[PDB]
Structure formats: structure tokens, C-alpha cells
């Protein structure tokens, strides 16, 4: 576990988990290669009714209807696969640790989803993995993929 590091924009190598300590609602990260992959994660505070909210992602002011009906936080993965398609809520991570993870490896993006403490990983395909950069809005850490067991622990139970 290396970090914490301050909010920034960069392109991580493959084979490292980025573990973001989300401490603000709104946009947690923005990741794209500008060709076939866009994901922005949006943090939602507990006990929220279906309310529309504005989110400036990839320089675009977007509107999403969100609703977190769980003592836990909700992290929604907004995805689109072309610049012209609408974002959709592809995956959600419900957690009380407020940690979000992203890994680039094997040519596909890996993230955690489901509900803590039993969130697990899932993958997304791309034709240009190397080009996917990330703007991180919160203090984050880096953990090698060889220590994924620890990343999983952190995701589901905290630092």
C-alpha cells in the first residue's frame, strides 16, 4: 500500500489497483481513452430520494437521476462506449467504507461492484487500454495486482 496521493490526472500502468478514498459526494473519478471507453463514478450519500443531480464529467454538464436508499454509500459507474451514446449506470458499488477501486490489466478494466462487505470485481473491455487516463478527485492509494486480496479487504472493510 503506497500513498496517499493527492487528487490528480494521470495514466497508471497496467497491473496496479488505484484505491480512491472518496470523501466528497459528486464525481469520484473520470476515466477515458476518448474512443471506446468512458466511465465516471458518482458518489451518493445515504438515504437519498429520487432526485436529479448535475455532474460535470469529461467537461460536460450532465444530469442523472439518482437515489441511494441504503445506510451505505452508493458509487455509480456511469458508462458510455462512444462519445455520442448516453451515459448509463452500468455498475453500482454500495459501501460503507467509501473506497472505490480501478485496475487496468489483461487488456480490460476491472472495478469493484456489489455491496460491501461482499463486493467483487468485474471487467470491462476496450480496444485501447493503454490510452485510458484517469482524473481522480480524492486521496488515493496504489496496490500491485499481486496484493489484490488486500485491495479486496480494504474495499469491503476499510483501511
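Numbering follows the first chain given and starts at 1.
For the pair 44-52 and 104-112, the mean B factor over Cα atoms is greater in 44-52.
The mean Cα B-factor in the deposited entry runs higher for 59-67 than for the other of 59-67 and 26-34.
Highest C-alpha temperature factor among 126, 96, 92, 123, as the PDB entry reports it: 96. Ranking 9, 14, 147, 138 by the C-alpha B-factor listed in the PDB entry places 147 at the top.
For residue 20, the recorded CA temperature factor ranks within the middle third of the chain's modelled residues.
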